[PDB]
Structures are given as structure tokens and as C-alpha cells.
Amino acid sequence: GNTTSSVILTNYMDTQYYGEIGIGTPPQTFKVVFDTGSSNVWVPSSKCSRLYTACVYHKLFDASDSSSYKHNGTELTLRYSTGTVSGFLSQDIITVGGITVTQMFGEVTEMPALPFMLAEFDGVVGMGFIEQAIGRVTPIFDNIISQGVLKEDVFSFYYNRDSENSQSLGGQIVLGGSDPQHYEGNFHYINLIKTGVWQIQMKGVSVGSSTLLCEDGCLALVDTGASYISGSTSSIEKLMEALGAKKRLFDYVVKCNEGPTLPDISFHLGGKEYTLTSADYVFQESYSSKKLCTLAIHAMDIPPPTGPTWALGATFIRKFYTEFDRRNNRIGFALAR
């Protein structure tokens, strides 16, 4: 192939990065997260009961308004770390950054308020492998590859640190390459443990100068759909005791004045150390001892076969521009700019 294609992303509060796709003829536009942690495409359906408040608030796909729609109707349930969606399969034309593909996707009829009422996006575009696709449906990137239009069998993620001011650009996905404008230095590559999952070996997790965690190795899922860096409950409990952080319901907190005093956290991947300073992992919203500041690291127990794993989400990608290489089954990291 010859072409490169980009998807402009919106950065919502440093936690949600989403772009727009079109589905059907004429195109019905949806805000979607592009998720390397999963392999299914889904959007909410017009068939979703309005008793699900998430379906009242999000954009719904109406098959009755699309002349290119092809019925399927196979029921499917997608169980994610933060919640579950259920619905049925359909086929239609999807437009992603100027690229048009015929795609099988889920029409979601059951969409829980938690977490979906907290989502700025409507659906998900899974960027993982067919091996992880529920119902063994061909993932969108595999269908785009089949077209033979892309210069390379790769895709790259840039997630901006700036979520506020306009004219910044929230983030960017490049289909078929990388954007040198958003990284510096050279890519350092890490081969996948196996095909089918964007997961790599991690050799250790350091808090300051000492390797408190993951000595003897562990797994690291490079997950564009996750807002934070996550580890298993036991790993995070140990990590947080070392930081002096206090557990709450859905996160860990530190007194805001303590934020800048927190140690660096280093991830040992492919012989290189990937270091995040406290500015990279603390939501430093004030400097008061009277206020609590949340950390962009949390516990998430991912079940087998994928888990138990650490997940390197938006917290990590903000610092490290990421290239997902399908041709060589590897992931490249470079310093984002």
C-alpha cells in the first residue's frame, strides 16, 4: 500500500481519548475509543431500551436509516474490566479517517449506567487481534489491512498531556505509520509474548531506586482503552504503601502537598527503563494539605488468559508515543512531544 491515515482525538480530562467514525449510508457519526485491549467494534443501538439511561444520552445506530446495512442478528455479550455490554451483530460500511471498510460490529441493546453514563464516547473500536474477538468477528484493522492501501501494517497512538485549552489537539491515531511531529528520538521495540494480544514481558517495577515489584518478571498489556496504569490488587496495594497513598472506593489518593514529593515509578521493558515522575502520575489539582489528589494508577484484576497483567493505559502513553506493529508482532515506544 501507499497511504497513511489519521484520526484526530479529543482529550477529555486526561481520562478519555476518542475520535469520530461514520457508520452506514448516509454516515451516522459516533464518538469512539480506539482500544488495543479488545478486538470488537460496537456502538449503542436504536433497539436499546430507553430504560438504560446510557442509551438516552448516547448516539444510537439506526439500521433503518442505512441503505448499506446487512442484517446478522447473532447475539453477543462483551465483558470488560469496567462493565458489560450486550446486543447483536450487524454489518455496514464504517469510515475511519478517510478509509472506508465493510465491518461486522455490535449493536448494543443493553448498556449499564455504570460505567457508560460516565463515558463521553458512544462506542468502542477494538484494535486488538482476532484471537481476542468475541464471536470471532474480523477486527477493523484486519479488514483495513486486507484492502492493501496502508503503507505499513502498523498503527500509532499519540495522547496529549493537555486536555484543557483548544488548538492543542487531544491526540492522534495514525493508521499505516507514525507521526514524527509527535515523538523524539528513536523507537525502542519490545516483541509480543505471543500473537493475539498486545502484551509484552515486564522485567520489574521500581519505586524510586529499588525494585519493589515484578522481580522475576510479569506481564504488561499496552492498552489504549484504559485511562490509567493498572496492576493486580496485591501489586497496587504494595505500590501504594510505598507511596504513602490512601485507598478509596475507586482510586488511591495522596494529600496534594505530598504530590511533588512522591518518587519516580519505573517500568522495565525490553532492557530499557520507562520512568514516570510524580507529575506524570498525580492529578496535581492543588498544593493544599487540606485537599486530596488522585493518582493515575489503580488496581484492576484482569482475568485469565490475558491476566493477571499490568495494563499500560493513557497515563503511560501520554509520556511514551506508541507504535503497534502487526507485521513484526512488536510494540515500539518513543518519547512523546
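Rigid core (definition): largest C-alpha set, two forms, superposition within 1.5 Å. Sequential numbering from 1, following the sequence displayed.
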Check: Which is farther from the shown form in 9 other deposited structures of this protein in C-alpha RMS with the core fitted, 114-122 or 128-136?
Finding: 114-122
Next item on the list: Rigid core fitted first, then name the stretch among 14-22 and 312-320 whose C-alphas deviate most from the displayed form in 9 other deposited structures of this protein.
Entry: 14-22
Check: Is it true that residue 1 goes unbuilt in a third or more of the other compared entries of this protein?
Finding: yes
Item checked: Missing-residue flag, residue 199, threshold a third of other entries -> no
Checklist line | Between the two ranges 140-148 and 87-95, the one averaging a larger CA B factor in the entry | finding: 140-148
Item checked: Selected stretch [higher average CA B-factor]: 196-204 or 111-119 -> 196-204
Notebook entry, point to check: At the C-alpha atoms, which of 72, 77, 210, 82 reaches the highest B-factor in this entry?
Noted result: 210
Check: Which of these has the highest Cα B-factor in the record: 227, 172, 103, 235?
Finding: 235
Next item on the list: Report the third (lowest, middle or highest) to which the CA temperature factor of residue 300 belongs, ranking only the modelled residues of the same chain.
Entry: middle
Item checked: Lowest, middle or highest third - CA B-factor, residue 289 -> highest
Notebook entry, point to check: When the modelled residues of the chain are sorted by Cα temperature factor, does residue 306 land in the lowest, middle or highest third?
Noted result: highest
Margin query: Splitting the chain's C-alpha B-factors into thirds, which one does residue 269 fall into?
Written below: highest
Note to self: Lowest, middle or highest third: which one holds residue 124 when the chain's residues are ordered by CA B-factor from the entry?
What the structure shows: lowest
